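Engineer: Sequence plus experimental coordinates follow:
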Amino acid sequence: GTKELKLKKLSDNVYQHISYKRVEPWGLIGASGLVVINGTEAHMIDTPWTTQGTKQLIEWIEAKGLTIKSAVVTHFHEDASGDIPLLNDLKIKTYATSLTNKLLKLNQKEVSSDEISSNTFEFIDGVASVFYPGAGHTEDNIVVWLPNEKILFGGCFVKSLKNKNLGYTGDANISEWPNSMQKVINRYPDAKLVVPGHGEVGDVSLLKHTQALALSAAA
Ligand SMILES: C[C@@H]1[C@H]([C@H](C(=O)O)[C@@H](C)O)N=C(C(=O)O)[C@H]1S[C@@H]1CN[C@H](C(=O)N(C)C)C1
Ligand SMILES: [Zn+2]
Ligand SMILES: [Zn+2]
């Protein structure tokens, strides 16, 4: 791929989009979202981190002859909801919870076109399920479950195994994060792949590892 956007196949219908941003002192580092393909229809889980990443993603999807039906953003930060304004211009439906829209509005950013007003939401009929586990990385963070592939998109609610801390905690509830994670652990014992917002894909250990990081940071 390019220095802005890499795509990695996770299964027949599911791609991981990895978008890059310069964050000193690490150089270029990736944010992960998904593309889910349902027949002639494509769906974005999180927007890429840069507007350029997003335009390259739209081109790569539309170059397969797929219509981008919808996008769901997993929290109010730029590495998940950064290109809500572009998608809304292109008349691609954006989905965000009422909590995500509250925090976008509070930070003077455009809200989603469509509001999720439930703790569980069927983002793509029989293909993608949204769950709100409670506060963790942010008040508003959600996870996305792909029942056909047994893929859980954790976003920034979930840390990579290698990560030894929680990253940016300025909007975090470190006290609730372990109880929130226990809900996700209890809901998805069948998860084969967990996608963190940053770093390597893994198994359920990533859930238990994030819970442990959070339990220790309270000390
Ligand atoms: C500041 C970041 C980024 C921010 C965030 O989502 O809080 C984003 C808004 O810039 N996501 C974050 C997080 O805490 O999850 C942080 S860490 C970032 C992603 N992985 C890299 C990392 O921590 N490495 C060890 C390479 C840098
Ligand atoms: Zn974040
Ligand atoms: Zn992040």
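Structural biologist: Done, it's in. Residues are numbered from 1 along each chain as shown. Ligands and ions are numbered 1, 2, ... in the order given.
Engineer: CA only for contacts and neighbour counts going forward, please
Structural biologist: Fine.
Engineer: can you count the residues close to the residue in the chain that ligand 1 sits nearest to?
Structural biologist: Closest approach between the chain and ligand 1, counting by Cα to the nearest ligand atom: residue 167, at 3.1 Å. By other Cα atoms under 10 Å, 12 other residues sit near residue 167.
Engineer: Can you pull up the most central residue in this protein?
Structural biologist: residue 155 (3.9 Å; Cα atoms, centre = their mean).
Engineer: Please list all residues in contact with it.
Structural biologist: Shown in contact with residue 155 (Cα atoms under 8 Å, 6 or more residues apart in numbering): 32-33, 74, 142-143, 195-198.
Engineer: partner residues bridging it?
Structural biologist: Using DSSP bridges, the bridge partners assigned to residue 155 are residue 196.
Engineer: hey, where'd the helices end up in the protein?
Structural biologist: 51-62, 78-81, 84-89, 98-106, 177-187, 205-217 (DSSP state H).
Engineer: Residue 20 and residue 182, how far apart?
Structural biologist: As for residue 20, its distance to residue 182 is 30 Å (criterion: Cα to Cα, to the nearest Å).
Engineer: Reformat the helices of the chain as CSV; add mean neighbour count and distance to residue 147.
Structural biologist: Output for the helices of the chain, formatted as CSV (neighbours: other Cα atoms under 10 Å; distance: least, Cα to Cα, whole Å):
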stretch, mean neighbour count, distance to residue 147
helix 51-62, 17, 22
helix 78-81, 24, 22
helix 84-89, 17, 26
helix 98-106, 18, 24
helix 177-187, 18, 12
helix 205-217, 18, 17
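Engineer: right, and those - which one's nearest residue 159?
Structural biologist: helix 205-217 (5.5 Å; Cα to Cα).
Engineer: Show me which residues of the chain sit near ligand 1.
Structural biologist: Applying Cα under 6 Å from any ligand atom, one finds that the chain approaches ligand 1 through 77-79, 156, 163, 166-168, 198.
Engineer: got the end-to-end distance for stretch 58-77?
Structural biologist: Length of stretch 58-77, first residue to last, Cα to Cα: 20 Å.
Engineer: Go ahead and name everything in contact with it.
Structural biologist: 40-47, 80-81, 92-96, 100-101, 103-104, 123, 138, 140-144, 155.
Engineer: repeat that for 7 Å
Structural biologist: Residues outside stretch 58-77 that contact it (Cα atoms under 7 Å, 6 or more residues apart in numbering) are 40-47, 80-81, 92-96, 100, 103-104, 140-143, 155.
Engineer: Return a PyMOL selection command for the buried portion of those residues.
Structural biologist: Of those, the buried ones go into a single PyMOL selection, burial set by 16 or more other Cα atoms under 10 Å:
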select buried, resi 42+43+44+45+46+47+80+81+92+93+94+95+96+100+103+104+140+141+142+143+155
